[PDB]
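Asks: With the sequence shown counted from 1, adding 62 to any position gets you the working numbering. Shown below is the structure under consideration.
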Amino acid sequence: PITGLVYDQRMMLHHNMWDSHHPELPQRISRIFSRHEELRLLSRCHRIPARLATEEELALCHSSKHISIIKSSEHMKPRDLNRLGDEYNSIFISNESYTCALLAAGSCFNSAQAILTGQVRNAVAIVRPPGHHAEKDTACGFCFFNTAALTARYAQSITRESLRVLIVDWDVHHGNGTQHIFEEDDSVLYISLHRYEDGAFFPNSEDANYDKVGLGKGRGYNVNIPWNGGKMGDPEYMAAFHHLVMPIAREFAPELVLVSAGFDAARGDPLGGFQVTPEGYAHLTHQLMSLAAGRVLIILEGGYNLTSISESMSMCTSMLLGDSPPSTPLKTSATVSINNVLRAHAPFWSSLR
Ligand SMILES: CC1(C)[C@@H]2CC[C@@H](CNCc3ccc(C(=O)NO)cc3)[C@H]1C2
Ligand SMILES: [Cl-]
Ligand SMILES: [K+]
Ligand SMILES: [K+]
Ligand SMILES: [Zn+2]
Numbered sequence: 063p064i065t066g067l068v069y070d071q072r073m074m075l076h077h078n079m080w081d082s083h084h085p086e087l088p089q090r091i092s093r094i095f096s097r098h099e100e101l102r103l104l105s106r107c108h109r110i111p112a113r114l115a116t117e118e119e120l121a122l123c124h125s126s127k128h129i130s131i132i133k134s135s136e137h138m139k140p141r142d143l144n145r146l147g148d149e150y151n152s153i154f155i156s157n158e159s160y161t162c163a164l165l166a167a168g169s170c171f172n173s174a175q176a177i178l179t180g181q182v183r184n185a186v187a188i189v190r191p192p193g194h195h196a197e198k199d200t201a202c203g204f205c206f207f208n209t210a211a212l213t214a215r216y217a218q219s220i221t222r223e224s225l226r227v228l229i230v231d232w233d234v235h236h237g238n239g240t241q242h243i244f245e246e247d248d249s250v251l252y253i254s255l256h257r258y259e260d261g262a263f264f265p266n267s268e269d270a271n272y273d274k275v276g277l278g279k280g281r282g283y284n285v286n287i288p289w290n291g292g293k294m295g296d297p298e299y300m301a302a303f304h305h306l307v308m309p310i311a312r313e314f315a316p317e318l319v320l321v322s323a324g325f326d327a328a329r330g331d332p333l334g335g336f337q338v339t340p341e342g343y344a345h346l347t348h349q350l351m352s353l354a355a356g357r358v359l360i361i362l363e364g365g366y367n368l369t370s371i372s373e374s375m376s377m378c379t380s381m382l383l384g385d386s387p388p389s390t391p392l393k394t395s396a397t398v399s400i401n402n403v404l405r406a407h408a409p410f411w412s413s414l415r
């Protein structure tokens, strides 16, 4: 009956030495943590310590070469950090980046351990840099290692290889790295909702479309819900949960739920362009709590309006703690999107028929 929370100020040390106004700001996590104190949520949680991921733990999802390259950045002079960052899509690197990425992952491992050992029922991880764009072999989109993917594998590593993990990715961007890491996996169901715009929206790949349903044994275990045609909000996200996320998740019967919880679909976010409310995120969290006997871990991904993300993630933690959720026609293109995913996944999920 207990909610865990992990936060460590040391993850603020990752920074952009060339553009101090880059939106993936150190203050993202400190503003969220402060808001939890202001709302008297922090004192209601069980504090879970951060730790470093080990390199062996990173090898659950990443190549030895990728690990060694990111690790080599901690001793680089600035022009070599610039060159290295430029070898990726939308990455900046400081000497502290690698350690911060390790702390983000190890924090999530400790939270998953706390859940799976029964110390807490659910947990929230206020971490940066984010993870879901990171691939096996490369960094991408502000992400170095795929924290959520690694946490799924870590969870399997302390229970059984086939532990059913559901990852719900409600960051406004597609988690390309998460999709690829689990594309052939039927033990990890990946469900992403994301702005798509026929490939115009970052990370700009048709991999994010609704017809990418997984490969081989994982066919049916990758659910992309792509939005086209501009701003979406609470109605569209509630309908996507109602028609797709929750029926599929209930059929899958996960033993652990991880939320890749970006808050860049929030009202006010300058990169997402969407209008999901803090109350909306509260309802999404409360629905996911009905899964997996409540074993839910909310992991911060993106989200760039400091006030928006502080309010939205605090609302999610309020739901984890058992507070009552707070108090409509869809954009026509959202109906088109939902029906496209429904047709793509009806062959795999009887609940959609
Ligand atoms: C040059 C810039 C720094 C300007 C200000 C934001 C970025 C956005 N370019 C791509 C992008 C978006 C979002 C994420 C993300 O991880 N969101 O969670 C990752 C990558 C470019 C434009
Ligand atoms: Cl330079
Ligand atoms: K997403
Ligand atoms: K999968
Ligand atoms: Zn994002």
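Heads up, the beta-carbon is just placed ideally off N, CA and C, and yes, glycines get one too.
Using a 10 Å radius around the Cβ and a threshold of 16 neighbouring Cβ atoms, would you call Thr179 buried or exposed?
Replies: exposed
Asks: Which residues in the same chain have their Cβ closer than 7 Å to the Cβ of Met308, if we skip the five residues on either side of it in sequence?
Replies: Taken in chain order, the residues that qualify are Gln349.
Asks: So is the beta-carbon of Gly335 under 7 Å away from any non-hydrogen atom of ligand 1?
Replies: No; taking the cut-off as 7 Å, the Cβ of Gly335 has no heavy atom of ligand 1 nearer than that.
Asks: Is the beta carbon of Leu122 sitting closer than 8 Å to the one on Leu212?
Replies: Contact: yes.
Asks: For the alpha helix (DSSP H) containing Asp296, name the first residue and the last one.
Replies: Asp296 to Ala302
Asks: Within 7 Å: the Cβ of residue 41 and any heavy atom of ligand 3?
Replies: Shown here, the chain extends from 63 to 415; a query on residue 41 therefore has no answer.
Asks: I'd like to confirm something about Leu251: is its beta-carbon nearer than 7 Å to some heavy atom of ligand 4, or not?
Replies: yes
Asks: Pull the bridge partners of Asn151 from the DSSP assignment, please.
Replies: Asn151 is bridged to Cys202.
Asks: Whole angstroms is fine: what's the gap from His76's alpha carbon to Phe206's?
Replies: 11 Å
Asks: Along the chain, which unbroken stretches of the alpha helix (DSSP H) at least 4 residues long are found entirely within the stretch 68-135?
Replies: 89-100, 117-120 and 126-134
Asks: Hey, quick one: how far does the alpha helix (DSSP H) through residue 40 stretch, first residue to last?
Replies: The question about residue 40 has no answer here: the residues shown for the chain are numbered 63 through 415.
Asks: Looking at the secondary structure, which residues open and close the beta strand (DSSP E) in which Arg257 lies?
Replies: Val250 to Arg257
Asks: Between the beta-carbon of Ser135 and the beta-carbon of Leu120, is there less than 8 Å?
Replies: no
Asks: From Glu149, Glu197 and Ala167, pick the residue whose C-alpha is nearest to that of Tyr69; which is it?
Replies: Of the candidates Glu149, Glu197 and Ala167, the residue whose Cα lies closest to the Cα of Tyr69 is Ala167.
Asks: Leaving out five residues before and five after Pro388 in sequence, what residues of the same chain have Cβ atoms less than 7 Å from its Cβ?
Replies: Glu341 and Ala344
Asks: Once DSSP output is grouped into helix, strand and coil, what is the label at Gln218?
Replies: helix
Asks: Compare the Cα-Cα distances from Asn286 to each of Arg257, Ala187 and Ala323 and report the closest residue.
Replies: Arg257
Asks: Am I right that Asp142 and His194 are in contact with their C-beta atoms under 8 Å? What's the rounded C-beta distance?
Replies: At roughly 27 Å, the Cβ-Cβ gap does not stay under 8 Å, so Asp142 and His194 are not in contact.
Asks: Within 10 angstroms of the Cβ of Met377, are there 16 or more other Cβ atoms? Answer buried if so, exposed if not.
Replies: buried
Asks: Do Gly364 and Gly324 count as a contact pair if the criterion is CB distance below 8 Å?
Replies: yes
Asks: If I follow the unbroken beta strand (DSSP E) through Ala355, where does it start and stop?
Replies: No beta strand (DSSP E) holds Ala355; DSSP gives it neither H nor E.
Asks: Less than 8 Å between the C-beta atoms of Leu383 and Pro85, yes or no?
Replies: no
Asks: What are the start and end residues of the beta strand (DSSP E) that includes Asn238?
Replies: No beta strand (DSSP E) holds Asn238; the alpha helix (DSSP H) holding it covers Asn238 to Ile243.
Asks: For ligand 2, enumerate in chain order all residues having a CB closer than 5 Å to any of its heavy atoms.
Replies: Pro140, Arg141 and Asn144
Asks: Would you say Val227 touches ligand 5, meaning its beta carbon is less than 7 Å from a heavy atom?
Replies: no
Asks: Is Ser322 helix, strand or coil by DSSP?
Replies: strand
Asks: Across which residues does DSSP place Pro288 in a beta bridge pair?
Replies: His256
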